[PDB]
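Enquirer: Please find one structure pasted underneath; my questions will follow.
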Ligand code: HEC
């Protein structure tokens, strides 16, 4: 929803249409669509991190469960 992206700290480097540090959620959903692994793939870089798709900025790992992480990839996609 929204309170799940604040208490955690994902909005720190993200935002619907507020290009700041990380890739705004909106842009993240546009990068994928119809993929058969957009949930495991996204949530994958969510519970681990990495870089190379948005530049060289190496994103840090996060401490989230595969459940809330799955809701962040399914919710981020539902966002235009
Ligand atoms: C800044 C210190 C960040 C914090 C804190 C979080 N994320 Fe992040 N995220 C960041 C960057 C720089 C990137 C892009 C990697 C790069 O090339 O630099 C990302 C990317 C994501 C993605 C998409 C990755 C993909 O497969 O394209 C997701 C889904 C994502 N981030 C989720 C996420 C969540 C849930 C966070 C809170 C726990 C979070 N990020 C924090 C930078 C930063």
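The numbering of chain A matches Swiss-Prot: 19-98, in order.
So how was this one determined? The header says solution NMR.
For all residues, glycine too, the Cβ spot is worked out from N, Cα and C.
Below, the features straight out of Swiss-Prot:
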BINDING   28, 31, 32, 77  heme c binding site
Enquirer: Between the two most separated Cα atoms in 28, 31, 32, 77, the residues recorded as binding heme c, what distance in Å do you get?
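Expert: About 11 Å separates the two most distant Cα atoms.
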Enquirer: By a simple count, how many Cβ atoms lie within 10 Å of the Cβ of residue 77 (heme c binding site), its own Cβ left out?
Expert: 17
Enquirer: For residue 32 (heme c binding site), what residues in its own chain, 6 or more apart in sequence, show a Cβ-Cβ distance under 8 Å?
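Expert: Correct list: 23, 38, 39, 40, 41, 42, 43, 46.
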Enquirer: Output, ordered by sequence, the same-chain residues six or more apart from residue 28 (heme c binding site) with a CB under 8 Å from its CB, or 'none'.
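Expert: Counting only residues 6 or more apart in sequence, the Cβ neighbours of residue 28 (heme c binding site) under 8 Å are 80, 90.
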Enquirer: When you measure from the Cβ of residue 31 (heme c binding site), how many other Cβ atoms are you left with inside 10 Å?
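Expert: Step by step: centre on the Cβ of residue 31 (heme c binding site), count other Cβ atoms within 10 Å, giving 14.
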Enquirer: So which other residues, same chain and not among 28, 31, 32, 77, have a Cβ within 8 Å of the centroid of the Cβ atoms at the heme c site?
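Expert: Everything else in range on the chain: 29, 30, 39, 40, 41.
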